[PDB]
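The structure appears below as structure tokens.
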Amino acid sequence: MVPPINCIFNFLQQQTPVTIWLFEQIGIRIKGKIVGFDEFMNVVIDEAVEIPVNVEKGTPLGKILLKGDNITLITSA
Amino acid sequence: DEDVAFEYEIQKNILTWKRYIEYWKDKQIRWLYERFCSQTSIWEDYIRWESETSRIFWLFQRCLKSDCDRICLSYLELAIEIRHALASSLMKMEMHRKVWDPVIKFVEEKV
Amino acid sequence: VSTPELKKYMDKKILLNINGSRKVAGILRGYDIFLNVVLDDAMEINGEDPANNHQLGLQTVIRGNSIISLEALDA
Amino acid sequence: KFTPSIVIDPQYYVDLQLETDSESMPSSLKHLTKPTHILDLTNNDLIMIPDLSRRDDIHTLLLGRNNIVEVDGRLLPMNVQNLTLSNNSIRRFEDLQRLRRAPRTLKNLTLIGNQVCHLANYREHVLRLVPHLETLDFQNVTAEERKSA
Amino acid sequence: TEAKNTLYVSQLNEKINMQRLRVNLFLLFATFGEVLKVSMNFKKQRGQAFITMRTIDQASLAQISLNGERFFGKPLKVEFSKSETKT
Amino acid sequence: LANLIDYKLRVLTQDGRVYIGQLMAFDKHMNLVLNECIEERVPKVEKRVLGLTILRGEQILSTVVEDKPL
Amino acid sequence: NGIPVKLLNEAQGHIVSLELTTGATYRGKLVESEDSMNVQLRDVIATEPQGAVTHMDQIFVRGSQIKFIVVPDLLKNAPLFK
Amino acid sequence: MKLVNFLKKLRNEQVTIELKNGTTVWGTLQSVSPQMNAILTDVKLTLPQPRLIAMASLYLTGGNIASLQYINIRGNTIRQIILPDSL
Amino acid sequence: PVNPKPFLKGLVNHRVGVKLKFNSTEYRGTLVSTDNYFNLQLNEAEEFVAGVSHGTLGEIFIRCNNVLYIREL
Amino acid sequence: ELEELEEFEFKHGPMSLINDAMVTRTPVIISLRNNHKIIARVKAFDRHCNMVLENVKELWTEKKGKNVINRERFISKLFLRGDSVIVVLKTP
RNA sequence: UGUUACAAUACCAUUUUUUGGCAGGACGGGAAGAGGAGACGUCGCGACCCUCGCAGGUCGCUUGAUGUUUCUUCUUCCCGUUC
């Protein structure tokens, strides 16, 4: 019963580690902690770690503003 | 040649004039259309095709021989590109108070 | 913008297919004018034959530019 | 003889209604509109059909009831999947011995009411050199029949 | 009855593809003028059909002509239809 | 294009498929509606008849005019 | 308004076919059409681009993944001839 | 200002439009839309070099160089239109 | 709660990295200016092709249409 | 005063290199989405980065069954949709 | 006074238009011999079948057509085009 802009911000208050999927690029995923966003879902993320989908490694990228037009699917852990 | 068949078509409602001229259109087209004409809209078309100065003048003259008001505009334009021409136009096809006035205003300007 | 009427699909187990030929089942919590769909009970259906239970109660959300379509599993 | 004024002024969707205008030889088929699927040259005084180059659009070439004596072998139209030639002045096989190089998308070919049609050994010789067509003179063709050619 | 634009078609051979049967009743009746509309149903109007010609008089030729010709294995009948074909 | 109403339009979509149909109407987004539309993929070969279809202006690459009306 | 969207709004209660931009075709009964070309589709029979055919109860495809819909042919008589 | 209005100066101008699928259009603009949708005339389009999808589109038209009397192109598909060198 | 326009205008004059949407190309440089619509302007741009450097380029502009993300190094 | 807030954010925003290349008449190199690197001068800038160029020297890459060759052409006048634009890079 | 047409004025953020994009000799067809094949569907040529009237389902194909998806040519004759 929650519209999605009120369901982004509960990642932000509770500060959950969040897995985010890209858009028409299935080999790589990004995982991190949501630190900021906007009305067009352009997301600034903390502790950003790449996930090669094809053992899942990581390259620590830390602070990333991920532009929302490649954002697909927002989860957590 | 393509002109033999065309000729046959011609000689045997402006469809032969269209098929000969508009298919070619350039020189060939000119040859055709003009010929057809000699054998208002048609005149206009011919003029367009032509579009040298002398030729244009000739065309205008031809048109004048036998939308008079409409033509008069054309005459005026020709003159611009005069007074004599305007006079000629007036004498053949005597609506033309505002055009006459305009013409005069050139004289006035000159003065 | 008109509201996309998915009120029939509220609290319903739906099946979102996603660009890159991804398929994600879940239960709808919310939507918006951009059709950004919130799913309770996230179930990632991957390729061969696992079924990745992704977010069981943590109400995932999918951006509307990546949603291909949706099948309500129930009526 | 087939004025290009005549060729334009009968098109409807089911073709070119060009039927009862009795002409002699095609000179201006240059003037076809180009989305033509049917050429309706029936009830015409045709003795031949020349002047059809690579017009890959016609499906049904009507030539029925035409004083026609000859069907030819390099006369193009590439997708004639229907073709009538009935009710004409054709009278001998080797008039139409040039139906070998008719294209391979040829399926309906009618020759009823002609002088060629009443000959014995009929369906063998026309399925000969036209081996793949479907219906012949409003008659379906089986493949067991096609072992004749 | 009347004698109008729509020539009544009957007793066709039912073993034919209906899209093949419209075409083969187009190319057959194209010798008697332009065939404008052939309406036809396999929803139990099967065996019978409607063919509407352009000219009134061109329908009068083929009905005298083709009433009794074999066509895919059956000698068909051609009549004048009771009512002018709609649409 | 309002000039081009009620003509047959050979309209080329994004994936190389070509539609041929009578233009019923268009709009701001070039959303087209096509009476007795036919769909062909590989280019006469490989054609499918659709009928009265819509065509969204997102997918059109170009549209050209096929033929005159009745 | 948009005449195609106005056309699609009259197509409610009718059986359509929806081919999608990945290629799959959705034949079903159009009951609810949205102004942004979003369509709720009942009793849908669905066909993959490779040819896998399934039937589904309810499908709802977004606007910007639709190639084209095919409305039934009764609509082209009125009120969109003007 | 708005360079969409810059293209509205290009009426009857003999340009070469290049499209996103590699289609090279060569012809004269009659008009252009405020969403850059370009109608053209007396235009033959080439699909330069390669000969290696789009190509199907060129063959879709009476078109590899195919010329069509009237062509309307969606403005979102244009990559770049080359204008006459005398301008 | 660093919102993106507060995030990025504060990130001006920092050697930031930008990955494109193609992943064939990245750019490392100092972000000079950024509008509301997230066009980027980088100075002393080094091009990173597939994660390895392509070369030094200079004052560069990146369209909004290709910015996959942007990172601070 | 709508336009002044539009044009001064235009002035020292990310549209500076498209505004500076034209004023100083210095060629900027433009790499497009299909790898058509375009080095050219700028005549005008738009909101969408629509660009009208002069003395365009488009360079692209053609791949075959041996060493890749370089294909380049000179275009005197060019109008360019901003959609293909990835990178505007000014060379000194 | 009304109707129609074309321009001016009023307008890059996910569903539309400001891109998720890119990477004698040649040719064709048919047949024979020696070292293209299997799936999923989608429309056709025959019928022992079904069905019976005015408002296409099933089975063969005895070498019917056609899109995904995996794997790995030479000789001889006949018919057309070109020099």
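Here, A, B, ... name the chains of the structure tokens in the order displayed, residue numbers run from 1 inside each chain, and ligands are numbered from 1 in the same displayed order.
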
Checklist entry - Mind listing as number ranges by chain which residues of chain B are within 9 Å of chain D, counting only C-alpha atoms? => result B: 5, 8-10, 12-13, 15-16, 19

Would you write out those residues with N, CA, C and O atoms, as a tab-separated table (two decimals), in the first residue's frame?
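Below is the file that was written, again17.tsv:
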```tsv
chain	number	residue	atom	x	y	z
B	5	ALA	N	6.86	7.47	-80.28
B	5	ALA	CA	5.68	6.94	-79.59
B	5	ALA	C	4.83	8.09	-79.05
B	5	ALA	O	3.60	8.10	-79.22
B	8	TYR	N	3.05	9.89	-81.77
B	8	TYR	CA	1.92	9.05	-82.20
B	8	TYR	C	0.73	9.26	-81.28
B	8	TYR	O	-0.41	9.44	-81.73
B	9	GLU	N	1.03	9.22	-79.99
B	9	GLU	CA	0.03	9.39	-78.93
B	9	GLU	C	-0.68	10.74	-79.09
B	9	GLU	O	-1.91	10.83	-79.02
B	10	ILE	N	0.14	11.76	-79.31
B	10	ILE	CA	-0.33	13.14	-79.48
B	10	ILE	C	-1.29	13.22	-80.67
B	10	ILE	O	-2.38	13.81	-80.58
B	12	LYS	N	-2.72	10.87	-82.88
B	12	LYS	CA	-3.82	9.93	-83.13
B	12	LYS	C	-5.14	10.39	-82.52
B	12	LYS	O	-6.17	10.41	-83.20
B	13	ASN	N	-7.02	15.36	-73.78
B	13	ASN	CA	-7.33	16.43	-72.82
B	13	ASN	C	-6.11	16.85	-72.00
B	13	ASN	O	-6.13	16.81	-70.76
B	15	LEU	N	-3.30	15.24	-71.80
B	15	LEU	CA	-2.60	14.06	-71.28
B	15	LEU	C	-1.37	13.75	-72.13
B	15	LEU	O	-0.32	13.38	-71.60
B	16	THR	N	-1.51	13.88	-73.45
B	16	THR	CA	-0.38	13.81	-74.38
B	16	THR	C	0.58	14.99	-74.19
B	16	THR	O	1.80	14.83	-74.33
B	19	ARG	N	2.20	13.99	-70.69
B	19	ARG	CA	3.10	12.83	-70.82
B	19	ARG	C	4.37	13.13	-71.63
B	19	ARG	O	5.42	12.53	-71.36
```

Would you mind listing, for every residue of chain H within 7 Å of chain K, the two atoms forming the shortest contact and the distance between them in Å to one decimal, using only C-alpha atoms (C1' of nucleotides), sorted by chain and ascending residue number, as a Markdown table?
```
| residue | atom | partner | partner_atom | distance |
| --- | --- | --- | --- | --- |
| H:35 | CA | K:17 | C1' | 5.8 |
| H:75 | CA | K:17 | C1' | 6.3 |
| H:76 | CA | K:17 | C1' | 5.1 |
```

Checklist entry - Near chain D, which residues of chain H fall within 12 Å when you count only C-alpha atoms, and what do they look like as a PyMOL selection string? => result chain H and resi 61-62+68

Next on the checklist: Please return, as a PyMOL selection string, all residues of chain F that DSSP assigns to strand (DSSP E or B) on the basis of the backbone.
Outcome noted: chain F and resi 8-13+18-25+32-40+47-55+60-67

Atoms kept (N, CA and C atoms) for selection, written as a tab-separated table (two decimals), in the first residue's frame:
```tsv
chain	number	residue	atom	x	y	z
F	8	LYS	N	-2.53	4.76	-49.21
F	8	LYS	CA	-1.79	3.58	-48.78
F	8	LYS	C	-0.39	4.02	-48.39
F	9	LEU	N	0.04	3.67	-47.18
F	9	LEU	CA	1.35	4.05	-46.70
F	9	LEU	C	2.25	2.84	-46.55
F	10	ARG	N	3.33	2.85	-47.32
F	10	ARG	CA	4.44	1.93	-47.11
F	10	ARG	C	5.30	2.54	-46.01
F	11	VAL	N	5.08	2.10	-44.78
F	11	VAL	CA	5.75	2.65	-43.61
F	11	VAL	C	6.76	1.63	-43.08
F	12	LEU	N	7.99	2.09	-42.88
F	12	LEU	CA	9.10	1.25	-42.47
F	12	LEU	C	9.36	1.41	-40.98
F	13	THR	N	9.16	0.33	-40.23
F	13	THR	CA	9.34	0.36	-38.79
F	13	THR	C	10.80	0.09	-38.42
F	18	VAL	N	8.07	-3.89	-42.79
F	18	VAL	CA	7.45	-2.86	-43.61
F	18	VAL	C	5.94	-3.07	-43.55
F	19	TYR	N	5.21	-2.00	-43.26
F	19	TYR	CA	3.76	-2.08	-43.22
F	19	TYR	C	3.18	-1.34	-44.41
F	20	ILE	N	2.14	-1.92	-45.01
F	20	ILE	CA	1.42	-1.30	-46.11
F	20	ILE	C	-0.05	-1.28	-45.74
F	21	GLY	N	-0.62	-0.09	-45.64
F	21	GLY	CA	-2.02	0.02	-45.27
F	21	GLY	C	-2.54	1.42	-45.50
F	22	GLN	N	-3.87	1.53	-45.49
F	22	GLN	CA	-4.50	2.82	-45.68
F	22	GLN	C	-4.50	3.62	-44.39
F	23	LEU	N	-3.99	4.84	-44.46
F	23	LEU	CA	-3.83	5.70	-43.30
F	23	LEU	C	-5.19	6.19	-42.84
F	24	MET	N	-5.65	5.69	-41.70
F	24	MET	CA	-6.91	6.18	-41.16
F	24	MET	C	-6.75	7.52	-40.46
F	25	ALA	N	-5.70	7.68	-39.65
F	25	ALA	CA	-5.46	8.89	-38.88
F	25	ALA	C	-4.04	8.87	-38.34
F	32	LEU	N	0.07	5.79	-35.79
F	32	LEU	CA	-0.65	5.60	-37.04
F	32	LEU	C	-1.68	4.50	-36.85
F	33	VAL	N	-2.79	4.61	-37.57
F	33	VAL	CA	-3.77	3.53	-37.66
F	33	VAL	C	-3.95	3.19	-39.13
F	34	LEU	N	-3.94	1.90	-39.43
F	34	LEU	CA	-3.82	1.42	-40.80
F	34	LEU	C	-4.97	0.47	-41.13
F	35	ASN	N	-5.79	0.86	-42.09
F	35	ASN	CA	-6.83	-0.02	-42.60
F	35	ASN	C	-6.23	-1.03	-43.57
F	36	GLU	N	-6.70	-2.28	-43.45
F	36	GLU	CA	-6.20	-3.49	-44.12
F	36	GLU	C	-4.67	-3.54	-44.24
F	37	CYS	N	-3.99	-3.37	-43.12
F	37	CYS	CA	-2.54	-3.36	-43.11
F	37	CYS	C	-1.97	-4.75	-43.37
F	38	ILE	N	-0.88	-4.79	-44.12
F	38	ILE	CA	-0.12	-6.02	-44.29
F	38	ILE	C	1.30	-5.79	-43.80
F	39	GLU	N	1.86	-6.83	-43.20
F	39	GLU	CA	3.17	-6.81	-42.57
F	39	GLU	C	4.10	-7.76	-43.30
F	40	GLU	N	5.24	-7.25	-43.75
F	40	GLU	CA	6.25	-8.08	-44.38
F	40	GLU	C	7.61	-7.87	-43.73
F	47	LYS	N	4.93	-12.15	-46.22
F	47	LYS	CA	3.98	-11.13	-45.79
F	47	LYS	C	2.85	-11.70	-44.95
F	48	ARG	N	2.40	-10.91	-43.97
F	48	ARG	CA	1.30	-11.25	-43.09
F	48	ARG	C	0.26	-10.14	-43.14
F	49	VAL	N	-1.01	-10.53	-43.20
F	49	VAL	CA	-2.12	-9.60	-43.23
F	49	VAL	C	-2.55	-9.35	-41.79
F	50	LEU	N	-2.70	-8.08	-41.41
F	50	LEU	CA	-3.10	-7.77	-40.04
F	50	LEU	C	-4.51	-7.21	-39.96
F	51	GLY	N	-4.85	-6.28	-40.84
F	51	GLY	CA	-6.16	-5.66	-40.80
F	51	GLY	C	-6.10	-4.26	-40.21
F	52	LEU	N	-7.14	-3.86	-39.48
F	52	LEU	CA	-7.13	-2.55	-38.85
F	52	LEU	C	-6.23	-2.57	-37.63
F	53	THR	N	-5.01	-2.07	-37.79
F	53	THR	CA	-4.04	-2.09	-36.71
F	53	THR	C	-3.67	-0.67	-36.33
F	54	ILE	N	-3.09	-0.53	-35.15
F	54	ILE	CA	-2.46	0.72	-34.74
F	54	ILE	C	-0.99	0.59	-35.11
F	55	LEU	N	-0.30	1.71	-35.18
F	55	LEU	CA	1.15	1.69	-35.23
F	55	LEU	C	1.69	2.89	-34.46
F	60	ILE	N	8.33	3.64	-35.93
F	60	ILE	CA	8.48	4.04	-37.32
F	60	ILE	C	9.86	4.65	-37.56
F	61	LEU	N	10.52	4.22	-38.62
F	61	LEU	CA	11.72	4.92	-39.07
F	61	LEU	C	11.36	5.92	-40.16
F	62	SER	N	10.52	5.50	-41.10
F	62	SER	CA	10.09	6.36	-42.19
F	62	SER	C	8.79	5.82	-42.76
F	63	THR	N	8.02	6.72	-43.36
F	63	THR	CA	6.82	6.33	-44.07
F	63	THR	C	6.81	6.99	-45.44
F	64	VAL	N	6.50	6.19	-46.46
F	64	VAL	CA	6.39	6.68	-47.82
F	64	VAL	C	5.00	6.34	-48.33
F	65	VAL	N	4.61	6.97	-49.43
F	65	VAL	CA	3.25	6.81	-49.94
F	65	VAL	C	3.25	5.73	-51.01
F	66	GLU	N	2.31	4.79	-50.90
F	66	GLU	CA	2.27	3.66	-51.83
F	66	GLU	C	1.46	3.99	-53.07
F	67	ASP	N	0.16	4.26	-52.91
F	67	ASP	CA	-0.74	4.45	-54.04
F	67	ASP	C	-1.82	5.47	-53.71
```

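Using only C-alpha atoms, the smallest distance between any of D:148, D:53, D:140, D:11 and residue 33 in chain D comes from D:11.
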
Considering only C-alpha atoms (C1' of nucleotides), tabulate each residue of chain A that lies at most 8 Å from chain K along with its nearest interatomic pair and the corresponding distance in Å to one decimal; arrange the rows by chain and ascending residue number and present them as JSON lines.
```
{"residue": "A:23", "atom": "CA", "partner": "K:20", "partner_atom": "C1'", "distance": 7.4}
{"residue": "A:24", "atom": "CA", "partner": "K:20", "partner_atom": "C1'", "distance": 6.2}
{"residue": "A:40", "atom": "CA", "partner": "K:13", "partner_atom": "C1'", "distance": 6.2}
{"residue": "A:69", "atom": "CA", "partner": "K:14", "partner_atom": "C1'", "distance": 6.7}
```

What does the file look like for those residues with C-alpha atoms, as a short mmCIF file (atom, residue, chain, number, x, y, z; two decimals), in the first residue's frame?
```cif
data_model
loop_
_atom_site.label_atom_id
_atom_site.label_comp_id
_atom_site.auth_asym_id
_atom_site.auth_seq_id
_atom_site.Cartn_x
_atom_site.Cartn_y
_atom_site.Cartn_z
CA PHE A 23 19.45 -1.92 -17.53
CA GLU A 24 20.13 -4.14 -20.56
CA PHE A 40 13.78 10.82 -11.10
CA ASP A 69 17.84 5.80 -16.39
#
```

For chain J, list the residues within 6 Å of chain H, counting only C-alpha atoms, and write the list as an mmCIF file with C-alpha atoms, in the first residue's frame.
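Just written: out-v4.cif:
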```cif
data_model
loop_
_atom_site.group_PDB
_atom_site.id
_atom_site.type_symbol
_atom_site.label_atom_id
_atom_site.label_comp_id
_atom_site.auth_asym_id
_atom_site.auth_seq_id
_atom_site.Cartn_x
_atom_site.Cartn_y
_atom_site.Cartn_z
ATOM 1 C CA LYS J 77 28.420 21.863 -44.104
ATOM 2 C CA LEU J 78 26.802 19.687 -41.454
ATOM 3 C CA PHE J 79 23.763 19.719 -39.174
ATOM 4 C CA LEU J 80 23.914 17.253 -36.315
ATOM 5 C CA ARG J 81 21.222 15.747 -34.112
#
```

Checklist entry - Hey, what does DSSP flag as helix (DSSP H, G or I) within chain G? Can you give it to me as a VMD selection string? => result chain G and resid 3 to 10 63 to 65 75 to 77

File of the preceding selection, N, CA, C and O atoms, as an mmCIF file, in the first residue's frame:
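Dumped everything to part_38.cif:
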```cif
data_model
loop_
_atom_site.group_PDB
_atom_site.id
_atom_site.type_symbol
_atom_site.label_atom_id
_atom_site.label_comp_id
_atom_site.auth_asym_id
_atom_site.auth_seq_id
_atom_site.Cartn_x
_atom_site.Cartn_y
_atom_site.Cartn_z
ATOM 1 N N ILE G 3 -6.234 10.773 -31.617
ATOM 2 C CA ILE G 3 -7.184 9.919 -32.340
ATOM 3 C C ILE G 3 -6.838 8.431 -32.262
ATOM 4 O O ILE G 3 -7.767 7.620 -32.096
ATOM 5 N N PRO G 4 -5.565 7.991 -32.357
ATOM 6 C CA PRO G 4 -5.293 6.567 -32.085
ATOM 7 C C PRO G 4 -5.600 6.125 -30.667
ATOM 8 O O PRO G 4 -6.067 4.995 -30.471
ATOM 9 N N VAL G 5 -5.352 6.972 -29.670
ATOM 10 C CA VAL G 5 -5.704 6.623 -28.299
ATOM 11 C C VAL G 5 -7.220 6.621 -28.133
ATOM 12 O O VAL G 5 -7.785 5.756 -27.452
ATOM 13 N N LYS G 6 -7.899 7.569 -28.786
ATOM 14 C CA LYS G 6 -9.360 7.569 -28.818
ATOM 15 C C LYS G 6 -9.887 6.341 -29.547
ATOM 16 O O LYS G 6 -10.926 5.783 -29.176
ATOM 17 N N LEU G 7 -9.168 5.900 -30.581
ATOM 18 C CA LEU G 7 -9.516 4.659 -31.262
ATOM 19 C C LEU G 7 -9.328 3.464 -30.341
ATOM 20 O O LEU G 7 -10.146 2.538 -30.330
ATOM 21 N N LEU G 8 -8.253 3.468 -29.559
ATOM 22 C CA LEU G 8 -7.975 2.320 -28.711
ATOM 23 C C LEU G 8 -8.904 2.286 -27.507
ATOM 24 O O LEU G 8 -9.216 1.206 -26.992
ATOM 25 N N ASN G 9 -9.384 3.453 -27.070
ATOM 26 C CA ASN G 9 -10.331 3.493 -25.960
ATOM 27 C C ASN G 9 -11.687 2.925 -26.352
ATOM 28 O O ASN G 9 -12.410 2.407 -25.496
ATOM 29 N N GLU G 10 -12.048 3.011 -27.631
ATOM 30 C CA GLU G 10 -13.307 2.426 -28.077
ATOM 31 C C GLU G 10 -13.164 0.921 -28.269
ATOM 32 O O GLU G 10 -14.165 0.197 -28.311
ATOM 33 N N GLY G 63 3.032 0.736 -22.099
ATOM 34 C CA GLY G 63 3.107 1.440 -23.359
ATOM 35 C C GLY G 63 4.374 1.160 -24.140
ATOM 36 O O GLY G 63 4.323 0.409 -25.112
ATOM 37 N N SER G 64 5.532 1.598 -23.644
ATOM 38 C CA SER G 64 6.726 1.702 -24.484
ATOM 39 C C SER G 64 7.383 0.360 -24.809
ATOM 40 O O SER G 64 8.532 0.335 -25.264
ATOM 41 N N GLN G 65 6.704 -0.758 -24.562
ATOM 42 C CA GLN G 65 7.159 -2.029 -25.101
ATOM 43 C C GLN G 65 6.211 -2.606 -26.146
ATOM 44 O O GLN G 65 6.363 -3.775 -26.513
ATOM 45 N N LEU G 75 -14.615 -1.244 -35.940
ATOM 46 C CA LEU G 75 -14.389 0.111 -35.458
ATOM 47 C C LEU G 75 -14.218 1.120 -36.583
ATOM 48 O O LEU G 75 -14.500 2.307 -36.383
ATOM 49 N N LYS G 76 -13.793 0.681 -37.769
ATOM 50 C CA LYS G 76 -13.414 1.617 -38.822
ATOM 51 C C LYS G 76 -14.604 2.205 -39.565
ATOM 52 O O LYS G 76 -14.409 2.872 -40.586
ATOM 53 N N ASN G 77 -15.828 1.974 -39.098
ATOM 54 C CA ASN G 77 -16.978 2.581 -39.751
ATOM 55 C C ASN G 77 -17.369 3.886 -39.069
ATOM 56 O O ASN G 77 -17.742 4.859 -39.734
#
```

Next on the checklist: I want to know what sits within 10 Å of residue 53 in chain E, based on only C-alpha atoms (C1' of nucleotides), with residues of the same chain fewer than 5 positions away left out; could you give that as a ChimeraX atom specification?
Outcome noted: /E:4-7,29-30,32-38,58-59

Export of the given selection (N, CA and C atoms) as a short mmCIF file (atom, residue, chain, number, x, y, z; two decimals), in the first residue's frame:
```cif
data_model
loop_
_atom_site.label_atom_id
_atom_site.label_comp_id
_atom_site.auth_asym_id
_atom_site.auth_seq_id
_atom_site.Cartn_x
_atom_site.Cartn_y
_atom_site.Cartn_z
N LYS E 4 -30.27 -9.54 -61.91
CA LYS E 4 -29.55 -8.36 -61.44
C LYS E 4 -28.04 -8.58 -61.45
N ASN E 5 -27.35 -7.66 -60.79
CA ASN E 5 -25.89 -7.57 -60.78
C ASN E 5 -25.22 -8.78 -60.16
N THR E 6 -25.86 -9.41 -59.20
CA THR E 6 -25.25 -10.49 -58.45
C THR E 6 -25.69 -11.82 -59.04
N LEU E 7 -24.77 -12.51 -59.69
CA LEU E 7 -25.05 -13.83 -60.21
C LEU E 7 -24.91 -14.84 -59.09
N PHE E 29 -14.59 -15.90 -63.95
CA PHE E 29 -15.60 -14.92 -64.32
C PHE E 29 -15.00 -13.60 -64.79
N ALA E 30 -13.68 -13.50 -64.89
CA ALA E 30 -13.08 -12.29 -65.45
C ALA E 30 -13.22 -12.23 -66.97
N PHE E 32 -16.02 -12.57 -68.43
CA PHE E 32 -17.31 -11.94 -68.65
C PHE E 32 -17.44 -10.60 -67.95
N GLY E 33 -16.41 -9.78 -67.98
CA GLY E 33 -16.46 -8.48 -67.35
C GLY E 33 -15.72 -8.50 -66.04
N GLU E 34 -15.63 -7.32 -65.44
CA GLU E 34 -14.90 -7.19 -64.19
C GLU E 34 -15.73 -7.71 -63.02
N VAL E 35 -15.11 -8.59 -62.24
CA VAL E 35 -15.73 -9.17 -61.05
C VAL E 35 -15.39 -8.28 -59.88
N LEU E 36 -16.42 -7.71 -59.25
CA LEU E 36 -16.15 -6.69 -58.25
C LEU E 36 -16.16 -7.28 -56.84
N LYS E 37 -17.20 -8.03 -56.50
CA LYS E 37 -17.25 -8.65 -55.19
C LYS E 37 -17.69 -10.11 -55.18
N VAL E 38 -16.93 -10.95 -54.49
CA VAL E 38 -17.29 -12.35 -54.31
C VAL E 38 -17.42 -12.60 -52.81
N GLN E 58 -23.39 -7.85 -68.19
CA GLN E 58 -22.30 -8.82 -68.21
C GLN E 58 -22.62 -10.04 -67.35
N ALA E 59 -23.55 -9.90 -66.41
CA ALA E 59 -24.03 -11.07 -65.68
C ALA E 59 -24.91 -11.93 -66.57
#
```

Next on the checklist: At a cut-off of 10 Å, which residues of chain F touch chain K? Count only C-alpha atoms (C1' of nucleotides) and give the answer as a list in words.
Outcome noted: residues 3, 28, 29, 30, 31, 41, 46, 48, 56, 57, 58 and 59 of chain F

Residues from the last selection, N, CA, C and O atoms, saved as a compact mmCIF listing (two decimals), in the first residue's frame:
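And here's result.txt as it stands now:
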```txt
# COMPACT_ATOMS: atom_id res chain seq x y z
N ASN F 3 -2.34 16.25 -45.49
CA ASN F 3 -2.45 16.02 -46.92
C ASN F 3 -2.45 14.52 -47.23
O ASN F 3 -3.21 14.06 -48.09
N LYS F 28 -0.03 13.56 -32.76
CA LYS F 28 1.19 14.28 -32.41
C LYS F 28 2.39 13.34 -32.36
O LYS F 28 3.47 13.66 -32.87
N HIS F 29 2.22 12.17 -31.74
CA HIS F 29 3.33 11.23 -31.58
C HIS F 29 3.58 10.36 -32.80
O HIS F 29 4.30 9.37 -32.65
N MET F 30 2.98 10.68 -33.95
CA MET F 30 3.00 9.86 -35.17
C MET F 30 2.44 8.46 -34.94
O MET F 30 2.85 7.51 -35.61
N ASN F 31 1.51 8.30 -33.99
CA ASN F 31 0.82 7.03 -33.85
C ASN F 31 -0.11 6.87 -35.04
O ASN F 31 -0.94 7.74 -35.30
N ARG F 41 8.34 -8.96 -43.54
CA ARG F 41 9.53 -8.96 -42.69
C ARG F 41 10.83 -8.92 -43.48
O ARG F 41 11.61 -7.98 -43.32
N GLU F 46 7.15 -13.29 -47.76
CA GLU F 46 7.11 -13.22 -46.29
C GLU F 46 6.17 -12.14 -45.76
O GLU F 46 6.56 -11.31 -44.94
N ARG F 48 2.40 -10.91 -43.97
CA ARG F 48 1.30 -11.25 -43.09
C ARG F 48 0.26 -10.14 -43.14
O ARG F 48 0.60 -8.96 -43.10
N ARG F 56 2.41 2.60 -33.39
CA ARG F 56 2.96 3.64 -32.53
C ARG F 56 4.14 4.32 -33.19
O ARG F 56 5.02 3.65 -33.75
N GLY F 57 4.19 5.65 -33.10
CA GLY F 57 5.28 6.42 -33.65
C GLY F 57 6.64 6.21 -33.00
O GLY F 57 7.62 6.82 -33.44
N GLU F 58 6.72 5.39 -31.96
CA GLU F 58 8.01 5.03 -31.39
C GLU F 58 8.83 4.16 -32.34
O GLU F 58 10.06 4.21 -32.32
N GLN F 59 8.16 3.39 -33.19
CA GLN F 59 8.86 2.33 -33.91
C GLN F 59 9.08 2.68 -35.38
O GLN F 59 9.96 2.09 -36.02
```

Write out as a PDB file with C-alpha atoms (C1' of nucleotides), in the first residue's frame each polymer residue whose atoms come within 10 Å of residue 34 in chain C, counting only C-alpha atoms (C1' of nucleotides); drop sequence neighbours fewer than 6 positions from it.
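Okay, out-v6.pdb is ready:
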```pdb
ATOM      1  CA  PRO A   4       7.419   3.757  -4.623  1.00  0.00           C
ATOM      2  CA  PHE A  40      13.779  10.818 -11.099  1.00  0.00           C
TER       3      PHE A  40
ATOM      4  CA  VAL C   1      -0.929  11.635 -16.602  1.00  0.00           C
ATOM      5  CA  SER C   2      -3.639   9.067 -15.887  1.00  0.00           C
ATOM      6  CA  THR C   3      -3.211   6.669 -12.998  1.00  0.00           C
ATOM      7  CA  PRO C   4      -2.424   3.181 -14.329  1.00  0.00           C
ATOM      8  CA  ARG C  63      11.693   1.173 -12.147  1.00  0.00           C
ATOM      9  CA  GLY C  64       9.008   1.623 -14.767  1.00  0.00           C
ATOM     10  CA  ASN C  65      11.321   2.024 -17.749  1.00  0.00           C
TER      11      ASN C  65
ATOM     12  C1'   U K  14      11.197   6.412 -17.150  1.00  0.00           C
ATOM     13  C1'   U K  15       5.205   5.061 -21.686  1.00  0.00           C
TER      14        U K  15
END
```
